[PDB]
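Asks: In terms of the deposited numbering, the sequence shown opens at residue 1 and continues consecutively.
Structure provided below as structure tokens; questions to follow.
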Amino acid sequence: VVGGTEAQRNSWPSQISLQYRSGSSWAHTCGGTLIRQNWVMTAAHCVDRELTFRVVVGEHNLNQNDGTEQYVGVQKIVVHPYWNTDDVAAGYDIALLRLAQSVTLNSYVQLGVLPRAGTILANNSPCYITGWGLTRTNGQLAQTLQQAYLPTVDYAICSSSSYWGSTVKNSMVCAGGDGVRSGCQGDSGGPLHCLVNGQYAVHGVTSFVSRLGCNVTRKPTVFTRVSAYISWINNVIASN
Ligand code: NA
């Protein structure tokens, strides 16, 4: 997250860190959203590589003992069948991870609330991106979970020529684009939390930024639109 602020420990309890084994340690690669006690929602592209993955819930600081973490293996990966790793602009950048154990819920560990199917936010709708991604373009991962206020940019504006053009689809949410704040590498797969009728819901799964940089004016961060995938989500969980 470029131009973020450190999140309070209990603001975003559905946020997880998806990590891969890296020698005798684990490295954060992507975000995710706890949606069942044994199911995480993430970006398909976060799991294109043939790695050993684990999920950390109740995680705040990647580099320090928070006293609140639970560490769980990924037992099953279900990627959207239409996902194509060479065509992220096509969409479908969503995957569900079934965890080897059911996590315990507390104030640091909660299910992410999802929008109703079909829900599209009005332009300029208030949202936060959260994650441990780079704090600057070509930068380093955050230690502490960050958040950045990223208002939505509607499909008509986001798919206009000075924004993302044909690259953005109606199956996606755009947010931000102010040249100051954004998603960056390592935020992928994590939530866009948007405030709708008094309640935050996870409307976005972080998918991509410009190749030119994370915080590039009129290249808002693009998210897979959760509300387009409600039946797919339910269908996967119900059969797994
Ligand atoms: Na920690």
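All C-beta atoms in this analysis are idealised placements derived from N, C-alpha and C, irrespective of residue type, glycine included.
Keeping to the same chain, check which residues put their C-beta closer than 7 Å to that of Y108; ignore five residues upstream and five downstream.
Replies: Here the question's residue 108 lines up with position 108 in the sequence shown. Hits under 7 Å: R9, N10, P13, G58, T68.
Asks: Any heavy atom of the ligand NA inside 7 Å of the beta-carbon of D178?
Replies: The residue labelled residue 178 in the question sits at position 178 within the sequence shown. Checking the Cβ of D178 against the ligand NA gives no.
Asks: Which one or two residues does DSSP pair with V57 in a beta bridge?
Replies: Position 57 of the sequence shown holds residue 57. DSSP, once it has assigned bridges, lists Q70 as partnering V57.
Asks: Mind checking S188: buried by the 16 CB within 10 Å criterion, or exposed?
Replies: Taking the sequence shown and counting its residues from 1, one reaches residue 188 at position 188. By the 10 Å Cβ count, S188 comes out buried.
Asks: With a threshold of 7 Å, establish whether the CB of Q15 neighbours any heavy atom of the ligand ADP.
Replies: Absence of the ligand ADP is noted for the structure shown, with the ligand NA being the only ligands found.
Asks: With distances taken Cα to Cα, identify the nearest neighbour of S25 among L62, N38, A7.
Replies: Locating residue 25 in the sequence shown gives position 25, counting from the first residue. The shortest C-alpha separation from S25 is found at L62.
Asks: Let me make sure I understand the geometry here. Which of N65, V55, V113, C46 has the alpha-carbon closest to that of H80?
Replies: For this step, residue 80 is matched to residue 80 along the sequence shown. Nearest of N65, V55, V113, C46 to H80, Cα basis: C46.
Asks: According to DSSP, simplified to helix, strand and coil, what is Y200?
Replies: Residue mapping note: residue 200 aligns to position 200 of the sequence shown, counting from 1. Three-state DSSP puts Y200 in a strand.
Asks: Give every residue of the same chain whose Cβ lies closer than 6 Å to the Cβ of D93, excluding the five residues on either side of it in the sequence, and list them in chain order.
Replies: Start at 1 with the first residue of the sequence shown, and residue 93 comes out as number 93. Around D93: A43, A44, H45, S207, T224.
Asks: DSSP on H28, reduced to helix/strand/coil?
Replies: By one-based count along the sequence shown, residue 28 stands at place 28. In this structure, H28 counts as strand in the three-state DSSP scheme.
Asks: Among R136, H28, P115, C184, which has the Cα closest to the Cα of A201?
Replies: Residue 201 sits at position 201 when you count from the first residue of the sequence shown. Checked all of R136, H28, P115, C184; the closest Cα to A201 is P115.
Asks: Taking the alpha-carbon positions, what's the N197 to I230 distance?
Replies: What you label residue 197 is simply residue 197 of the sequence shown in a count that begins at 1. What you label residue 230 is simply residue 230 of the sequence shown in a count that begins at 1. Whole-angstrom Cα-Cα distance: 19 Å.
Asks: In the DSSP assignment, the alpha helix (DSSP H) including residue 315 goes from what residue to what residue?
Replies: With the chain represented from 1 up to 240, any question about residue 315 goes unanswered, as that position is not in the structure.
Asks: List, from N- to C-terminal side, the beta strand (DSSP E) runs of 3 residues or more that fit wholly inside the region 130-159.
Replies: Listed in chain order, the complete beta strand (DSSP E) runs (minimum 3 residues) inside the region 130-159 are 146-149.
Asks: Cα-Cα, which of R36, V56, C184 is closest to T135?
Replies: Stepping through the sequence shown from its first residue, residue 135 is reached at position 135. Nearest C-alpha to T135: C184.
Asks: Let me know if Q101 comes out buried or exposed under the rule of 16 or more other beta-carbons within 10 Å of its beta-carbon.
Replies: Residue 101 sits at position 101 when you count from the first residue of the sequence shown. Counting Cβ neighbours within 10 Å, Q101 comes out exposed, since fewer than 16 surround it.
Asks: Could you name the residues of the same chain whose beta carbon sits closer than 6 Å to that of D66, not counting the 5 residues immediately before and after it, in chain order?
Replies: Locating residue 66 in the sequence shown gives position 66, counting from the first residue. Here the set comprises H60.
Asks: Rounded to a whole number of angstroms, what is the C-alpha to C-alpha distance between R36 and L111?
Replies: For the purposes of this step, residue 36 is taken as the residue at position 36 of the sequence shown. For the purposes of this step, residue 111 is taken as the residue at position 111 of the sequence shown. For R36 and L111, the distance between alpha carbons rounds to 6 Å.
Asks: Within 10 angstroms of its Cβ, does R211 collect 16 or more other Cβ (buried), or is it exposed?
Replies: Residue 211 sits at position 211 when you count from the first residue of the sequence shown. Exposed is the call here.
Asks: Classify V109 as helix, strand or coil using the three-state DSSP reduction.
Replies: By 1-based counting over the sequence shown, the position of residue 109 is 109. If DSSP states are grouped into helix, strand and coil, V109 belongs with the strands.
Asks: Can you tell me where the beta strand (DSSP E) holding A95 begins and where it ends?
Replies: The residue you call residue 95 lines up with position 95 of the sequence shown. Per DSSP, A95 belongs to the beta strand (DSSP E) from 95-99.
Asks: Can you give me the start and stop residues for the beta strand (DSSP E) that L18 sits inside?
Replies: Here residue 18 refers to the residue found at position 18 of the sequence shown. First-last of the beta strand (DSSP E) with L18: 15-22.
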